[PDB]
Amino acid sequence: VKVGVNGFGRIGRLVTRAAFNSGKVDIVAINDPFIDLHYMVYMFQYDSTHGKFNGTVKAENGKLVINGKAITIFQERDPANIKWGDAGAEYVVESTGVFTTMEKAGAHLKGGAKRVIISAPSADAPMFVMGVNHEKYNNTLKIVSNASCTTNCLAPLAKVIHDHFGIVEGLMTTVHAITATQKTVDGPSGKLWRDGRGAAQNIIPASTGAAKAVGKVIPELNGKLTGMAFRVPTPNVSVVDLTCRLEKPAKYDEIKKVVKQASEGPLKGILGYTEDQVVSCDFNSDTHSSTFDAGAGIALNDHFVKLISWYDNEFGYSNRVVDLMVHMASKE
């Protein structure tokens, strides 16, 4: 399937790298009115977090050429003006962070795209997490959401725990890497006051809908989870901390066994499992959605436990966007 990327940012660029690394997906067009062609060569080639691109990137005849694949470059603020159909882009990855509703994301369809994958939670577009509910996708859905990074970490874990022991209720904290929405020094941040405080100086509480959204991809958990976030001074890699009450008793060793088993079978590549003494950097460019840290979590008793799972918020999620597109392509 031929793909367009709208917003060539952290997500858009790393989706682009994921497509090339793999390849039942072919990137054929990119729109970003804030990054011109020669600037795109530079932004793609060099990455502070994930290293230099391994391959060739060059501007040739007005196109962005990556490992010899020519890509059509647009510069449009309004998605309805991008000529996706002319460029052959069938699916568009909407990774700007400003077109997340059905109405706004649907502008791509006016440019000749057939489907849109919103790289963020959406107020109304249906949400999918690979490994949890992606089989619920069907051919009639032209606009879909791949949820958030944090939902993609929590939901595969919550699926396994709920399937085996039953989650009565749970409360989640994510300790999350800084993102582009933050500020280098104390400055204005509209209505999200805390988010405007200097990113590398602070632990910053933030709200997040990611735990409540698990109740949408796992409908039995509707109303049974919520949570909040702390942003902290690292440039990538995040961690979930799920505190839950279970219906059936589970010794921590039984939790470990069921999770490990899930990592080796049905959720292989989505949900990882470790007993090693890891820290966040050990998940740098890790492609899993969620990796359970057996050593880090703790039980109070057989029904009340705190479970820890790591996620490379940029790189795992960008790989999942690609995997969702491959899955949608298989149901055409």
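So that there is no doubt, residue numbering starts at 1 and follows the sequence shown.
Averaged over Cα atoms, the B-factor as recorded in the entry is higher for 302-310 than for the other of 43-51 and 302-310. Mean C-alpha B-factor is higher over 143-151 than over the other stretch, the pair under comparison being 232-240 and 143-151. Set against one another, the Cα B-factors of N61, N31, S289, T274 in the record reach their highest point at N61. Take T96, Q201, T173, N133 and read off each C-alpha B-factor from the entry; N133 has the highest. Split the chain's modelled residues into thirds by C-alpha temperature factor. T56 is in the middle one. When the CA B factors of the chain's modelled residues are split into thirds, the value for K260 lands in the middle one. Sort the modelled residues of the chain by CA B factor and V25 lands in the highest third.
The entry lists a Cα temperature factor for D186 that places it in the lowest third of the chain's modelled residues. Ranked against the other modelled residues of its chain, the C-alpha B-factor of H164 as given in the entry falls in the highest third.
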